């Protein structure tokens, strides 16, 4: 028997699910066949409509107290929740019901972790975070837009393998992935230190792999593991390594708030 997981998408772009299709340890096929039982996920479920609704209810009863609940996307509270309606009911209600019986609750992605892009600017739909919708519950936050999928998978594995969540910071983010500023573990720090800065994409310094601070890099104010774990498990692939500043997508008040080329505050 494999540990049950219930995944509900709110105001999601599906990028957080799509992260799983890049994963290698486990791959998505090994995740769903070997590591977990994915009891509800609308992107992959064979069942639709009334049949998939049955699966949800069956799973909530059968696995009460045992399942991991995962939510991607923000939860819109404006106008009584009507900005995201599934089977005729506000998504906030589906989420609160599923949270009642959850052994652990995970907000995957910046949207569910802190509102993200969906809650930015004038916030048209009154989008909020999963934690805000579940004030009485401990929500594990795995931010990023989307996070490296292993930030999520290794959190789930810790719960399964050792019976408890990984250590968390004071935003309930796992320390193994979010315990340090990108700029406090970035391979271009020597260039920063020496005043060796890209000024425009395609200039000489940029073409020598210099620091991207003056292009608006938000590494100095963003917690994450983008410089170390990086992305896609091919080696050497993260925004800065490719030539673009960090935008702060992990970090509330940075990504989707500050302009790309706006300079970060350095501690």
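Numbering follows the first chain given and starts at 1.
Comparing 80-88 with 185-193, which stretch shows the greater average C-alpha B-factor in the deposited entry?
So the stretch with the higher mean C-alpha B-factor is 80-88.
Do the CA atoms of 195-203 or those of 55-63 have the higher mean B-factor in the entry?
Between 55-63 and 195-203, it is 55-63 that shows the higher mean C-alpha B-factor.
Per the PDB entry, maximal CA B factor within 71, 145, 159, 113
Comparing C-alpha B-factors across 71, 145, 159, 113, the top value belongs to 159.
Quiz for you: based on the deposited Cα B-factor, which of 99, 107, 117, 154 is highest?
Among 99, 107, 117, 154, the PDB entry lists the largest C-alpha B-factor for 99.
Ranked by Cα temperature factor within the chain, is residue 224 in the lowest third, the middle third or the highest third?
For residue 224, whose C-alpha B-factor we compare with every modelled residue in the chain, the answer is the middle third.
Using only modelled residues of the chain, where does the Cα B factor of residue 218 rank: lowest third, middle third or highest third?
Its C-alpha B-factor belongs to the lowest third of this chain's values.
Sorting by Cα B-factor within the chain, modelled residues only, which third would residue 94 end up in: lowest, middle or highest?
Highest third - that is where residue 94 ends up once the chain's C-alpha B-factors are sorted.
By its CA B factor, does residue 29 count among the lowest, middle or highest third of the modelled residues in the chain?
Its C-alpha B-factor, which the entry lists for residue 29, ranks in the middle third among residues of this chain.
Quick check for you: using the entry's CA B-factors within this chain, is residue 35 in the lowest, middle or highest third?
Middle third - that is where residue 35 ends up once the chain's C-alpha B-factors are sorted.
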